[PDB]
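Asker: Take a look at this one; I'll ask things after.
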Amino acid sequence: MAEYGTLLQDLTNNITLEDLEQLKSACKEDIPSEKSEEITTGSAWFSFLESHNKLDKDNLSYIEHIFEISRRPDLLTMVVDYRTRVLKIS
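Take the sequence shown: its letter number 48 is residue 48 in the entry's author numbering, and every next letter is one higher.
Here it is, written out as structure tokens:
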């Protein structure tokens, strides 16, 4: 669970308010309009997403895509890499 916590945080370190806009732009259909509005922090979007069941402690597929579709593969990579490294660790 925790490592995932840093994972969200790692992309969050790389997340600019602007980066989020782009992810939101990608997410416009999936993440509700009302909510996308108030996404002024990387953690906020996770914490929203977490609050709704579009992201477990294990589940990433929702966000993985978002990072794929959005032209910001650093974050994707962190999700991908996390999935893997933690897989190899566990």
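Each residue gets a CB set at the ideal place from its N, CA and C atoms; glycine is no exception.
#1: Which runs of the alpha helix (DSSP H), 4 residues or longer, sit entirely within the segment 12-79?
#2: Please report the distance separating the alpha-carbon of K35 from that of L49.
#3: Would you tell me roughly how many angstroms separate the C-alpha atoms of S61 and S51, rounded to the nearest one?
#4: Please state if the CB of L55 and the CB of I39 are separated by a distance shorter than 8 angstroms.
#5: Return the residue from the list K88, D74, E68 that minimises the CA-CA distance to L11.
Answerer: According to the structure data:
#1: The alpha helix (DSSP H) runs of length 4 or more contained entirely in the segment 12-79 are, from start to end of the chain, 17-27, 33-37, 42-51, 61-69.
#2: Rounded to whole angstroms, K35 to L49 spans 9 angstroms at the Cα level.
#3: Cα-Cα distance, rounded: 16 angstroms.
#4: Contact: no.
#5: Nearest in C-alpha terms to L11, of all of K88, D74, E68, is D74.
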